[PDB]
Amino acid sequence: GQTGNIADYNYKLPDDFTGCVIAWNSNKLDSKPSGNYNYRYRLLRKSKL
Amino acid sequence: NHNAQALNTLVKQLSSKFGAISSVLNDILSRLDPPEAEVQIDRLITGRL
């Protein structure tokens, strides 16, 4: 039930989702001084997913 | 008379909120997101039932 750019254009969980969301920081490993541009996200889609 | 009265009550309670945002289901569905609208519709359904 969350509204936002990532929620509606990248990965939408269902309203009655049954599962565990586990998040932990990855700055120590996946951050580079020059700028890690490998990871991307979508910010323009025709409709909601 | 009694019959008419009953029917009128049964229709009049369509306009009652029963603790929801509005008696109109379309207004609730339009204004609120589905996860939040579920509770309002549930209250309306319980009252009407």
# chains A, B, ... in the order shown; residues from 1 in each chain; ligands from 1
>>> closest_atom_pairs(of="chain B", to="chain A", cutoff="12 Å", atoms="only C-alpha atoms", output="Markdown table")
| residue | atom | partner | partner_atom | distance |
| --- | --- | --- | --- | --- |
| B:32 | CA | A:1 | CA | 10.7 |
| B:33 | CA | A:1 | CA | 7.3 |
| B:34 | CA | A:1 | CA | 7.1 |
| B:35 | CA | A:1 | CA | 5.2 |
| B:36 | CA | A:1 | CA | 7.7 |
| B:37 | CA | A:1 | CA | 10.3 |
| B:38 | CA | A:15 | CA | 9.9 |
>>> residues_around(residues="segment 27-43 of chain A", least_positions_apart="5", cutoff="10 Å", atoms="only C-alpha atoms", output="MDAnalysis selection string")
chainID A and resid 5:6 8:11
>>> atom_distance(atom1="atom CA of residue 21 of chain B", atom2="atom CA of residue 5 of chain B")
26.8 Å
>>> residues_around(residues="segment 17-19 of chain B", least_positions_apart="6", cutoff="10 Å", atoms="only C-alpha atoms", output="ChimeraX atom specification")
/B:40,43-48
>>> write_last_selection(atoms="C-alpha atoms", output="compact mmCIF listing (two decimals), in the first residue's frame")
# COMPACT_ATOMS: atom_id res chain seq x y z
CA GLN B 40 -13.62 2.09 4.84
CA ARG B 43 -17.02 -0.66 7.69
CA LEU B 44 -19.64 0.24 5.09
CA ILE B 45 -20.22 -3.43 4.29
CA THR B 46 -20.61 -4.36 7.94
CA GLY B 47 -23.11 -1.56 8.52
CA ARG B 48 -25.15 -2.31 5.41
